[PDB]
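# Fold and geometry: a report
The primary structure of each chain is shown beneath.
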Amino acid sequence: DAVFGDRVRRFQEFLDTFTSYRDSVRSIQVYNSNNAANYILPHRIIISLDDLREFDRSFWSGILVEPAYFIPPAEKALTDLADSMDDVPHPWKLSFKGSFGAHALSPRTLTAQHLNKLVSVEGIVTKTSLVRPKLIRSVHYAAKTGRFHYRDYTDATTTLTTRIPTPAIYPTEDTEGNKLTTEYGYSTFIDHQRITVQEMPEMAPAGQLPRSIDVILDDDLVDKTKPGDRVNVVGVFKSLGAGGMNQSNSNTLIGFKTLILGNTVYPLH
Amino acid sequence: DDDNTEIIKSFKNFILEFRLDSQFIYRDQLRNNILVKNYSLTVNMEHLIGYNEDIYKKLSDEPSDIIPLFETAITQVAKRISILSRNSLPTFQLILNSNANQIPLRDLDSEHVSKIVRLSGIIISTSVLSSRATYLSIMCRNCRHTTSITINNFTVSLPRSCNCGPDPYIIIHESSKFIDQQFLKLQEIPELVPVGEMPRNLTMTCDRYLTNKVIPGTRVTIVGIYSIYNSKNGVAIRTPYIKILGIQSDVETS
Amino acid sequence: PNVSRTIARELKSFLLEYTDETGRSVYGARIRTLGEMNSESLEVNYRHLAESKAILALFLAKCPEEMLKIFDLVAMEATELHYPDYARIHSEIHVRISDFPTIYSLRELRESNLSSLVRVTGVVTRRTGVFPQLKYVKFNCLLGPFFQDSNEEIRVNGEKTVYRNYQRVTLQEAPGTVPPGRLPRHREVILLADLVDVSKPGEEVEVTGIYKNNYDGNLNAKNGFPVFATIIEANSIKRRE
Amino acid sequence: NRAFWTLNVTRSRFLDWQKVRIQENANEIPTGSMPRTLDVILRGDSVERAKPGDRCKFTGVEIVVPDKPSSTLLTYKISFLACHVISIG
Amino acid sequence: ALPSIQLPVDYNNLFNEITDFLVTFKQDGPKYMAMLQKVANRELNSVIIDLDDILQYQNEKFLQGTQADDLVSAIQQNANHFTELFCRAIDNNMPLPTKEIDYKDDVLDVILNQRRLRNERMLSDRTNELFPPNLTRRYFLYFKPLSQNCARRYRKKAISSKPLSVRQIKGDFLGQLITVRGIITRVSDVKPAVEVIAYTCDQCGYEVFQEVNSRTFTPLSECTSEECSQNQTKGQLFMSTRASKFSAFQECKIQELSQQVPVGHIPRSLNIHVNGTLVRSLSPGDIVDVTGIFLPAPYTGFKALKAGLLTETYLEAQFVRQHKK
Ligand SMILES: [Zn+2]
């Protein structure tokens, strides 16, 4: 997959020429160490789409047309740049401001030409499903053989791209037969939530019923919005779940429920 | 499948050679449709049956095994019109609306199942859109076989062969092409024939470009195939629905 | 049995040249009626069948099941000689068989009625909508046609399969005729083909259907015993009367 | 076999039956009581002889029906049987 | 196949540092000798370990050398692991006799006493791999938060022990001791939990102890004993309730104080498990700072729905401080 490497080396260049983002990453790296010297900030760097067009249109059209192949190499590149920062004493997140849009759509107008493509929905958010942990990194301790043992759990919303599902439970006695106790509090949990979004009540065409679609909010984004708030979500538009085609059960046309991952959630008035 | 070649050759020869004196109605229907980015075609059956009786003889026989060979047949034509070489171009939906003989809702009982049925009723409510699939890639959980499955219409289980098993195939949603679907539900008109009983409502699935074509409460005349789905609720008792190709609202209605 | 085929050779004679009320064969006129109406229910009076011979009438109170299948094919033969056609129309006509006393009501029923045609009567209760049943199986190959069933289906393809409408209606016993201190027990009724939609809720209906069981079916949890379901597969439908 | 069971209902003779849930008479029970009903299934030709809202005398055959230990290489309750019925009471 | 990556924190010599923390002490003879022996004397069960003194010890072990690896951060960083590690050390330094212990006296102590008597006898006869250390306890280790008046040392950021909002709670606090506060909700009534539950065999006897791990366990039959095994043929074995070690268990949910709720949203309750002595300490309607390790207990299934794994967690109670005595 040398092309995924290409995406990383390409996104590298975008940063530090121009350097207008790098100062913000430095600011994030410094502020937390300042809290380390004291006596909270989410780690994500807002990327204005504004700037992306000046360098490459080829890579610009891609983030909109096929975000699954693009956002994650750009992301691995951002971590890679955050580690070359200063110094020692996490996946981060992209944001994507914009410079909308195409892809501008209210939730009423969407599906399927807009699927598997970046999207900025806007509408009312209800009913705001209750905040809950989600397991990601498995961490264990072997004794007396020692070392340090970890598994990595890949969920449905892991990264972006689809991957062979890891879940569930714990390995327990990975070879050889050594005992593995779960190490809690070293292991990583990203919070996770979903919130459905109804189209704006005032732009509703007729007595025809409202059509809402669900947005999963990863990491920091969680608990950022009470229900009934004007919201412009952004995110990649994802279709998850089999349509029933996987197994015999069940029998019916209905299928492929869709939702939006991430991403930003700019409130508005 | 030389027979499918034989059928599709007849459909191409029906689109390219059709003449209403003297413009080619279909062939231009096509161009004027790809330019606006409609990606659809509306066949007028009377012209069809005028052209060959034969292809309508088979199309009213086993519609759901044929109509998709007509779709691929027409999109293979838009390849030679809308573009030229020496992408991507979805396989167009065809909407066919024709007179025939109106078959009222009460009078649909078996016997015409999988035979095109024109009818008339007032739509109750329209169901919220949901996507089916058209072209989706699939990888194996183990041997990692990369399979591109072209799903057609008109449910379909995934293939189990490249332990391995029983069904080690994952849907890749990063490359999968999706369409839309509606589910109208229509109550037959109050004038006829309620008698003393509450009127029945057959469930209908619109799709692609007919979707959101009709505001609930407006009288319409649907065409479509008639067919049955399972939906556990025995024995066996499969329940009836009408696939729509294609819908035409009453005058005007805009 | 093959002997039963010879029975057909007799009943066909009953089907056409049988006369009553000074000439003018009645069943000939029924075949002529549908016939023109082509409603595919041929209708045979039990009174006359019993009048000609009690041996067949006894076969109706013993084993109606396979004998109707023997009988209606012959009815199709009679329609075939009278109208050299209907190879294109329905290719099956199942006979209606008017009143058959008995005249067991509802609540009086036993095991002795199994597999044997029995008349029932009472009010209809709200009926299910019309859901086409599988019946015959056919495909382009590709095993052959498989009839299933009434009602098991053990032990799916489809290409062109001949569907026949199914409808299940719950028949409850008439409120006027209930003996005091007793609840109005009721039985399941299975309509088929044209019998569909003939019924309406709120009405008393006279049915000739045979009685059936299968197949436990489903309890095995709260009974304590191997108890079958009670379902009357229906034959004819008439207003009261 | 093994194999299929297999179910054949034409060769199998059937009989009866109707369940009734028997409850103690109200004159004996010392309210506050909350009288305890129990199942009696009528098997036999005494089927249908029973009436709702009335006292009946039965033939005992108490048995038990499944509805505590396990059978290893069970949940039971009293279900009373009656093979005879009378309207006495 | 399941990669491994080293960490600067090592439990081996940290255990050593725990052992040096216990029974070798000055500042408060030492408190860990008397506090331990009073438990060994069986008038006392709960062992209240203050993190304050762990803080005091490092000063003597640093400046004031010789310098050592840190605990107070390393404890609350994990805090589950130390219950199975920091607390087992007590077994090595504990006074053996200790005084006037007898046998009965106590119920169920005679059982195990006769277990080890018959085991010692029969083993010493056979020779002419042992009962688990968790079965023999009869005491519970509880950490407490450092608020603290002496936390001003200062180790600054070292404190949680930050009397935080239920809203403030994150998925990044799992496996790390956290104080929380709110009103007690629903306060479910106490029921016995289980730990070992050594079932009894039949023919040749012995014993086997099945670990009670996570929420639930699967019961086993077969035979584990080699004697009953294969000849002839597999001995039958049943669980003995007298032999088992029971730890009180009481669960209760705690809604937020509602002043800690923003202009929006809704009060969010948090489920809290209680064990040992701390049981019944909690009462409904009472604002309390409850401190404890913050942990998941998966999944019992379901397991189809989530997917994943979607832990949903709970708070293990450790210490309890209620407002308004
Ligand atoms: Zn043994």
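Residues numbered from 1 in each chain as written, not as in the entry; some residues may be left out. Chains lettered and ligands numbered in written order. Part of a larger assembly, values for the part shown. Heavy atoms only, no water. Residues with missing side-chain atoms left out of burial classes, pairs and counts.

Per the PDB record, this model was obtained through cryo-EM at a reported resolution of 3.7000 Å.

### Examining the overall build of chain A
From N to C terminus, chain A includes five helices and eleven strands. Its C-alpha atoms put chain A at 70 × 55 × 45 Å along the principal axes. Across the 269 residues that make up chain A, the buried fraction comes to 48%. Accessible surface computed for chain A: about 13,600 Å², of which carbon and sulfur atoms make up 53%. (Helix = DSSP H or I, 4+ residues; strand = E, 2+ residues; numbered from the N terminus. Buried < 20%, exposed > 50% of the residue type's maximum accessible area, 1.4 Å probe, protein only. Areas by Shrake-Rupley, 256 points an atom, 1.4 Å probe, with all protein chains shown as cover.)

### Overview of the sheet that holds strand β6 (residues 80-82) of chain D
Residues and elements named next belong to chain D. Sheet architecture is open: three strands sit in the order β1-β2-β6, paired in mixed fashion. The strands lining the two open edges of the sheet, one partner per strand, are β1 (18-22) and β6. Across this sheet, the average inter-strand angle for adjacent strands is 30°, counted without regard to direction. Relative to β6, strand β2 (residues 38-42) runs parallel, the two sharing three bridges. For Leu-42, the partnering residue across the bridge sits in β6 and is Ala-82. (Pairing = 2+ DSSP bridges. Axes fitted to C-alpha atoms, helices over the stretch in contact; angles between N-to-C directions.)

### So, helix α5 (residues 63-81) of chain B
Residues and elements named next belong to chain B. Counted at 1.5 Å a residue, the expected span for α5 with its 19 residues is 27 Å, and the 27 Å between its end C-alpha atoms agrees. All of the buried residues in α5 are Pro-63, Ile-66, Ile-67, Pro-68, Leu-69, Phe-70, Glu-71, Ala-73, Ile-74, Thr-75, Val-77 and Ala-78. Each element contacted by the buried residues of α5 is listed here: α1 (2-16), α2 (25-35), β1 (40-41), α4 (53-59) and β2 (93-94). (Expected span 1.5 Å × (residues − 1). Contact = heavy atoms within 4.5 Å.)

### Things to note about the coordination of the zinc ion
All names here are of chain E. Here the zinc ion is held by the protein donor atoms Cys-201 (SG) and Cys-228 (SG), which lie 2.3 to 2.4 Å from it. Taken as a pair, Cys-201 in strand β5 (residues 198-201) and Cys-228 in the loop between β6 (208-209) and β7 (237-239) lie far apart in primary sequence, 27 residues in all. Here the two residues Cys-201 and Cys-228 agree in accessibility, since each one is buried. (Donors = N, O, S within 2.8 Å, 3.2 Å for Na, K, Ca; no water.)

### Let's talk about the side chain of E:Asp52
Within the element layout of this structure, E:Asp52 appears in helix α3 (residues 51-60). The buried charged residue E:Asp52 lacks any salt bridge partner; its closest oppositely charged side chain belongs to E:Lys144, at an N-O distance of 5.2 Å. (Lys, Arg positive; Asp, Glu negative; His and termini not counted. Salt bridge = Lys/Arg side-chain N within 4 Å of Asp/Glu carboxyl O.)

### With respect to the interface of chain C and chain D
In this assembly, twelve residues from chain C lie in contact with 16 residues from chain D. Here chain C meets chain D over a buried area of about 1,400 Å², counting both sides, of which 59% is carbon and sulfur. Of all residues in chain C, the largest losses of buried area upon contact with chain D belong to C:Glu111, C:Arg182 and C:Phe225, amounting jointly to 34% of the total for that side. Viewed at the interface, chain D and chain C are joined by two salt bridges. Across the salt bridge formed by D:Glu48 and C:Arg182, the nearest N and O atoms sit 3.9 Å from each other. Applying the counting criterion to the chain C and chain D interface returns two residue pairs in polar contact. For the side of chain C that touches chain D, the class distribution of residues is five nonpolar, three polar and four charged. (Buried area = accessible area lost by both parts, 1.4 Å probe. Polar contact = N/O pair within 3.5 Å; in protein donor to acceptor, adjacent residues only side chain to side chain. Nonpolar A, V, L, I, M, F, W, Y, C, P; charged D, E, K, R; others polar.)

### A closer look at the packing of aromatic side chains
All names here are of chain E. Counted by the stated rule, this structure contains 32 aromatic pairs over all chains. Measuring from ring centre to ring centre gives 6.2 Å for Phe-21 and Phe-86, while their planes differ by 45°; the resulting arrangement is tilted. On the accessibility criterion, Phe-86 (1% relative accessible area) is buried. On the numbers, 5.2 Å between centres and 75° between planes, the contact of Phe-131 with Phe-209 is edge-to-face. Of this pair, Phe-131 sits in the loop between α6 (109-126) and β2 (140-144) while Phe-209 sits in strand β6, and the two are 78 residues apart along the sequence. The pair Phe-131 / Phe-209 is uniform in exposure class, with both members buried. Among the aromatic side chains, those forming a connected cluster through ring pairs are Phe-21, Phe-25, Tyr-32, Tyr-57, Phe-86 and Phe-143. (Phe/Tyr/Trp six-rings, centres within 6.5 Å; stacked < 30°, edge-to-face > 60°.)

### What to know about the domain arrangement of chain A
Interface size is often expressed as the accessible area that is lost when the parts come together. Residues and elements named next belong to chain A. As far as domains go, chain A holds domain 1 (1-103), domain 2 (104-133 + 191-269) and domain 3 (134-190). Of note, the centres of domain 1 and domain 2, computed from C-alpha atoms alone, are 25 Å apart. Every contact between the two is made by 20 residues of domain 1 and, on the other side, 17 residues of domain 2. Both faces considered, domain 1 and domain 2 share a buried interface measuring about 1,500 Å² in area, 54% of it formed by carbon and sulfur atoms. Interface area lost by domain 1 to domain 2 is led by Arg-44, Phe-100 and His-103, which between them contribute 37%. Viewed at the interface, domain 2 and domain 1 are joined by one salt bridge. For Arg-44, the salt bridge goes to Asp-220, with nearest N and O atoms at 2.8 Å. Summed over the shared surface of domain 1 and domain 2, the number is seven residue pairs in polar contact. (Domains from an automatic or database assignment.)

### Quick notes on the pattern of salt bridges
Applying the stated criterion across every chain, the model contains 37 salt bridges over all chains. The salt bridge partner of A:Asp155 is A:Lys134, with a shortest N-O separation of 1.9 Å. Placement of the pair is A:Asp155 in the loop between β4 (149-152) and β5 (180-182) and A:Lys134 in the loop between β2 (122-125) and β3 (137-142), with a sequence separation of 21 residues. Accessibility expressed as a relative area gives 8% for A:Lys134, which makes it buried. Where E:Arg138 meets E:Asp106, a salt bridge forms, and the shortest distance between an N and an O atom there is 3.5 Å. The structure contains a network of salt bridges with shared partners spanning B:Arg106, B:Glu197, C:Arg127 and C:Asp197.

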